[PDB]
Novice: 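Mind having a look at this structure? Questions to follow.
Counting convention: from 1, in listed order, for ligands and their atoms alike. Residue numbers run from 1 in the order of the sequence given.
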Amino acid sequence: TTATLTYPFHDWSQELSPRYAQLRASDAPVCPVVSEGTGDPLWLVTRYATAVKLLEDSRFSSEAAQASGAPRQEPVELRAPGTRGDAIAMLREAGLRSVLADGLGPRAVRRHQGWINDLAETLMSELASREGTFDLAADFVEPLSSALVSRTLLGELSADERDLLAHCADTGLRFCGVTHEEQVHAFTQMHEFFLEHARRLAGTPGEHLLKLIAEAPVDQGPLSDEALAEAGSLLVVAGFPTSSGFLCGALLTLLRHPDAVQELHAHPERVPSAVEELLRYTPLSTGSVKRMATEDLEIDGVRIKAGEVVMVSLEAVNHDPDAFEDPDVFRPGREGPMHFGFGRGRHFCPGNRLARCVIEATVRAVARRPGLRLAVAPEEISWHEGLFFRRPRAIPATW
Ligand code: HEM
Ligand SMILES: O=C1N[C@@H](Cc2c[nH]c3ccccc23)C(=O)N2CCC[C@@H]12
Ligand SMILES: O=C1N[C@@H](Cc2c[nH]c3ccccc23)C(=O)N2CCC[C@@H]12
């Protein structure tokens with residue numbers, strides 16, 4: 001341990017590291033840190049106003065910060081050895097410029113919102129018939145996110161396939177708790193799974209994104225097997241632990257705020273505003289979005305050299321009191337500036353409409369059912385240690 005902070009801050013539960021607020025209030029708008037996993041130098045931004053400037057500046061490149069050899073917070077590269085790890089660009093190069101936005105945008109959500117809301121209701125109606133303590137993680141979030149992944153993303157996976165992909169995601173998308181080789185092997189297993197099965201999965205009936213990608217028109221040649229497999233890996237890493245982690249976290253927020261839930265029960269028209277406040281208030285990533293300077297530049301007076309990587313903690317910015325009065329209060333009626341739960345600028349979450357859809361269905365399922373409560377104190381919830389995307393092991397609950 002030295003005088004420069006190592007990153008990340010080990011805040012694996014919903015309790016955000018106090019270090020973020022300390023850095024926000026310091027005199028440095030951009031703070032040098034060192035990656036615990038690699039020893040690489042990095043910059044860290046925690047103020048909302050600085051983050052807006054960073055994430056809207058085209059001279060900072062997200063893709064450059066994903067390339068092999070970039071200074072990085074993650075201990076192992078987020079790609080199988082020998083692969084590009086460049087899924088969005090490979091789809092763009094094949095001529096599939098829009099298929100991601102097409103399969104996740106408003107028209108796609110209109111196709112899926114019915115069964116998603118019906119399934120949220122079916123799952124919660126089943127819990128309403130249960131005795132004693134039930135687990136919202138295993139018996140609500142798991143089946144709902146599994147259906148999302150199968151029906152909207154990958155196709156009809158078997159339970160063995162789903163468990164394999166979920167294990168790969170949890171093992172690879174981690175700062176600690178597993179060996180280096182275990183993490184590299186997780187990325188290899190996932191890629192080889194999609195080299196073997198992506199064509200078959202894209203051919204199963206439905207409208208899942210993997211099928212849309214495999215069946216889409218292309219400029220020049222047919223989409224390569226490597227590219228389709230890279231698409232499968234992207235959909236897993238971007239859609240699976242994010243959705244499962246966020247839905248678990250959002251449930252915990254709701255259970256810890258019964259007054260807010262009672263309000264949503266009385267005023268269902270307020271549910272969309274509650275979804276937005278959950279995206280601000282509920283922490284998800286334990287790391288940061290990041291961008292590489294493509295040329296020497298200045299941000300809030302701090303000189304960044306070409307090739308250096310600047311991180312923004314979305315959690316830190318979402319809890320910035322310069323942007324959100326009483327930032328650590330869950331306040332669905334809040335009328336603050338735009339939150340950072342989906343990022344900002346060019347790379348704003350392309351799945352944001354689908355995520356909002358599933359979050360809303362979950363909030364409505366809870367709000368319609370008075371009496372749901374956490375069965376244990378929030379400090380007794382057990383958290384998976386080191387995941388990029390926070391997730392509790394279980395959410396014990398009763399009526
Ligand atoms: C509540 C759930 C989710 C949250 C909170 C979330 C959040 C985010 C955020 C903050 C980013 C920006 C990363 C950056 O700026 O570097 C992002 C990007 C992305 N998200 Fe979402 N996401 C969620 C669900 C999903 C789902 C279900 C999909 C389905 C495919 C998805 C697909 C993507 C992709 C492909 C990107 C990368 C965009 C790029 O790098 O240009 N996300 N997400
Ligand atoms: O599409 C990308 N975008 C960014 C951010 C990101 C979005 N979702 C992620 C999930 C895990 C890690 C990073 C991200 C990224 O770092 N990428 C590495 C793997 C996917 C690729
Ligand atoms: O934890 C991470 N977060 C994403 C960005 C992100 C922040 N919040 C998110 C929410 C959903 C998806 C991506 C993000 C990322 O780029 N990473 C590189 C290595 C660690 C990993």
Novice: Select one of side chain, backbone, both or neither to describe which atoms of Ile88 lie under 4.0 Å from any atom of ligand 2, heavy atoms only.
Specialist: side chain
Novice: Around atom 20 (C) of ligand 2, find the nearest protein heavy atom and jot down its residue, atom name and distance.
Specialist: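 Its nearest protein heavy-atom neighbour is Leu234 CD1, 3.9 Å.
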Novice: For ligand 3, does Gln73 get within less than 4.0 Å through its side chain, its backbone, both, or neither, judged by non-hydrogen atoms?
Specialist: side chain
Novice: Have a look at ligand 1 and work out which part of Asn352, if any, has a heavy atom under 4.0 Å from it: side chain, backbone, both or neither.
Specialist: neither
Novice: Report the nearest protein non-hydrogen atom to atom 24 (C) of ligand 1: residue, atom name, distance rounded to 0.1 Å.
Specialist: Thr242 OG1, 3.7 Å
Novice: Nearest protein heavy atom to atom 11 (C) of ligand 2: under 4.0 Å?
Specialist: yes
Novice: May I ask you to check whether over 12 heavy atoms, not counting those of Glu298, lie within 6.0 Å of atom CD?
Specialist: yes
Novice: Give yes or no for whether the N/O distance cutoff of 3.5 Å, strictly under, is met between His347 and ligand 1.
Specialist: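 So ligand 1 has an N or O lying under 3.5 Å from an N or O of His347.
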Novice: Going by the atom numbers of ligand 1, which of them fall below 4.0 Å from some non-hydrogen atom of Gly341?
Specialist: 5 (C), 7 (C), 10 (C)
Novice: Counting only heavy atoms from other residues, nucleotides and ligands, does the tally under 6.0 Å from NE2 of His197 exceed 12?
Specialist: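 More than 12 within 6.0 Å, yes.
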Novice: Just need the protein heavy atom nearest to atom 19 (C) of ligand 1, so name the residue and atom and give the distance.
Specialist: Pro350 CD, 3.5 Å
Novice: Starting from atom 13 (C) of ligand 2, what is the nearest protein heavy atom, named by residue and atom, and what distance separates them?
Specialist: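 The closest heavy atom on the protein side is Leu78 CD1, 4.3 Å.
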Novice: Please determine whether a side-chain nitrogen of the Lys or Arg among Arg364 and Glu360 lies less than 4.0 Å from a carboxylate oxygen of the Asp or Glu.
Specialist: yes
Novice: Please state which protein non-hydrogen atom is closest to atom 8 (N) of ligand 3 and give its distance, to 0.1 Å?
Specialist: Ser285 CB, 3.2 Å
Novice: Salt bridge check, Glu121 against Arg368: does any charged N sit closer than 4.0 Å to a carboxylate O?
Specialist: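 Counted as a salt bridge, because a side-chain N and a carboxylate O are separated by less than 4.0 Å.
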Novice: What atoms of ligand 2 come within less than 4.0 Å of a heavy atom belonging to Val237?
Specialist: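 It comes down to these atoms of ligand 2: 10 (C).
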Novice: Tell me whether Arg47 is salt-bridged to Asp300, with the criterion being a basic N under 4.0 Å from an acidic carboxylate O.
Specialist: no
Novice: If the cut-off is 4.0 Å to any non-hydrogen atom of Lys290, which atoms of ligand 2 fall inside it?
Specialist: 15 (C), 16 (O)
Novice: Please report whether atom 15 (C) of ligand 2 has a protein non-hydrogen atom at a separation of less than 4.0 Å.
Specialist: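 Given the 4.0 Å limit, the answer for atom 15 (C) of ligand 2 is yes, a protein heavy atom qualifies.
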Novice: Nearest protein heavy-atom contact for atom 21 (Fe) of ligand 1: which residue, which atom, what distance?
Specialist: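 For this ligand atom, the closest protein heavy atom is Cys349 SG, 2.3 Å.
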Novice: May I ask whether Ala65 places a heavy atom under 4.0 Å from ligand 3?
Specialist: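 Contact check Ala65 vs ligand 3: negative.
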Novice: Indicate yes or no: does an N/O atom of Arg291 lie under 3.5 Å from an N/O atom of ligand 1?
Specialist: yes
Novice: Atom 7 (C) of ligand 2: which protein heavy atom is closest, and how many Å away?
Specialist: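 Residue, atom and distance for the closest contact: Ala238 CB, 4.9 Å.
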Novice: Could you pull out, from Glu230, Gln66, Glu74, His347, the option with a heavy atom nearest to atom 3 (N) of ligand 2?
Specialist: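 Nearest heavy atom to atom 3 (N) of ligand 2 lies in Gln66.
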Novice: Examine the proximity of ligand 3 to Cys349 and report which part, side chain or backbone, both or neither, has a heavy atom under 4.0 Å away.
Specialist: neither
Novice: With backbone taken as N, CA, C and O and side chain as the heavy atoms from C-beta onward, which portion of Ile88 lies under 4.0 Å from ligand 1: side chain, backbone, both, or neither?
Specialist: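 Side chain only.
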Novice: Is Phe389 in contact with ligand 3, taking contact as a heavy-atom separation below 4.0 Å?
Specialist: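 It does, in that a heavy atom of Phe389 comes within the 4.0 Å cut-off of ligand 3.
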Novice: Taking all atoms of both residues into account, what is the closest heavy-atom pair of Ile299 and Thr50, and its distance?
Specialist: CD1-O, 3.8 Å
Novice: What part of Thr242 sits under 4.0 Å from ligand 3 if we count only heavy atoms: the side chain, the backbone, both or neither?
Specialist: side chain
Novice: Step through the shown structure and confirm whether more than 12 heavy atoms of other residues, nucleotides or ligands are within 6.0 Å of CZ on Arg331.
Specialist: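 Counting other residues, nucleotides and ligands, CZ of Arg331 exceeds 12 neighbours.
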Novice: Judging by distance only, is a nitrogen or oxygen of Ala238 under 3.5 angstrom from one on ligand 1?
Specialist: yes
Novice: Can you pull out the closest protein heavy atom to atom 5 (C) of ligand 1? Residue, atom name and distance to 0.1 Å, please.
Specialist: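 Ranking protein heavy atoms by distance from atom 5 (C) of ligand 1, first comes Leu284 CD2, 3.5 Å.
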Novice: Does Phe246 approach ligand 1 within less than 4.0 angstrom via side chain, backbone, both or neither, non-hydrogen atoms only?
Specialist: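 Side chain only.
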Novice: Under 4.5 Å between any side-chain heavy atoms of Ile213 and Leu209, yes or no?
Specialist: yes
Novice: In terms of residue, atom name and distance, what is the protein heavy atom nearest to atom 6 (C) of ligand 3?
Specialist: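 Atom 6 (C) of ligand 3 sits closest to the protein heavy atom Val289 CG1, 3.7 Å.
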Novice: Taking heavy atoms and a distance under 4.0 Å, where does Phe240 meet ligand 2: side chain, backbone, both or neither?
Specialist: neither
Novice: State whether the number of non-hydrogen atoms from other residues, nucleotides or ligands found under 6.0 Å of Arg130 atom CZ is greater than 12.
Specialist: yes
Novice: Is the charged tip of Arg280 near the ring of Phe324: under 6.0 Å from the six-membered ring centre and within 45° of its axis?
Specialist: yes
